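What follows is a pair of forms of the same protein chain, given separately as structure tokens and numbered structure 1 and structure 2.
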Structure 1
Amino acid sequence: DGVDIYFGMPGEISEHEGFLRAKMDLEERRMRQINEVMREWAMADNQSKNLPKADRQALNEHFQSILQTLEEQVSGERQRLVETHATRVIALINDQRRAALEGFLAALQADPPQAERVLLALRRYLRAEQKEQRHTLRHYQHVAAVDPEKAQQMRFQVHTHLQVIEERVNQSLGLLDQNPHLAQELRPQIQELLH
């Protein structure tokens, strides 16, 4: 138990993979739980054709009540799973951006900087920022797809988030602009990457 939780998922299993699998295991488990309740309810239905109405009514409430508890257990479980996954995705995106940023700095702070090395570290950094950009747009696109009202409310926040990302890229590039020659040299190579 506690020990298995500590080790957690094996390294051979990615977050995405483990996430789908946990989602599948949870769904499969709740599908069975619900089915059992439904069959008990059906069995009670057959058995009670002749009890008085008040008792028939109580039986119905009993099962509708058990199902409510189950539906609420289901919702919480899902919400948590979805919540955890979203957090790990954001963390991975931030971690990759920071890693790439450090790599870009190193290449820049090299006794004799190397055009190829700097350019590739910059591509890496730009890609991490783009992945944050895609992620921001996809989340918004999705809420718009399933919840119009909710999408209208995050609209301005998304717009601002994309701006925050752009400013980070301009500021990070500016660092390359601290080396005129290097800047000019990578100019056409840089532009292609941005566009």
Structure 2
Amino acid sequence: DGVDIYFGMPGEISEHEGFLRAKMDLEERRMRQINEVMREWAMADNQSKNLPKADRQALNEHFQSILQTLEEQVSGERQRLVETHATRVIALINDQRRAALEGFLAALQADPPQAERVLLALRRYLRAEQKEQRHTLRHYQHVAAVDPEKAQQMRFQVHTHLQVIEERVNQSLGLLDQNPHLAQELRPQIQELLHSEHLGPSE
């Protein structure tokens, strides 16, 4: 139904919950199809027990070929599900750090500027960037772990992306000079953010 497809998943359901549920639904559906084909294969096999060799091989080629078309569907579906999910996760992570940066800039320009609000907004921005850094490392680590050939294709891009994040954080930290008197009041807490709480981009 087109209207349902327009509305999409409810707001209650997170991307992660919806992903798992769709993965699970395909998995059940595909287990049923595979099981039916396997049963037919078995049933043809039971009648043909004493068949001549080449007749038995033809019976096997018949079902192997059905299974192949099935396997390729299963994997095509999977790619589509996994690409849609990966694209959404990246967008969410991009949104979280950009909205947090927004919060930080709004707090800096407040009048009278409020140290606690600025500090809080900065903690939230630094976490969001760290979430992107960990996602970049973990996805690389995961592809290395289950698909080592795909991993070699990524290295340089991963390497570049981490430098990008690191510079951007430092350029953002630099925006504290927008309110240098708030900068000075916050100096010890900033050392604490970056190194005690380990929110710094080079931790």
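C-alpha atoms forming the largest set that superposes within 1.5 Å between two forms make up the rigid core. Along the sequence of structure 1, residues get numbers from 1 upward.
In a core superposition between structures 1 and 2, the Cα of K49 is the only one among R32, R39, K49, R138 shifting by 2 Å or more. Shown in the overlay between structures 1 and 2, fitted on the rigid core, is a CA shift at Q153 of 2 Å or greater. In the core-superposed comparison between structures 1 and 2, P180 has its Cα shifted by at least 2 Å. Relative to the superposed rigid core, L70 undergoes a CA displacement smaller than 2 Å between structures 1 and 2. Look at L162: with the core superposed, its C-alpha moves 1.1 Å between structures 1 and 2. On the core-superposed pair, the CA position of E61 changes by 2.3 Å between structures 1 and 2.
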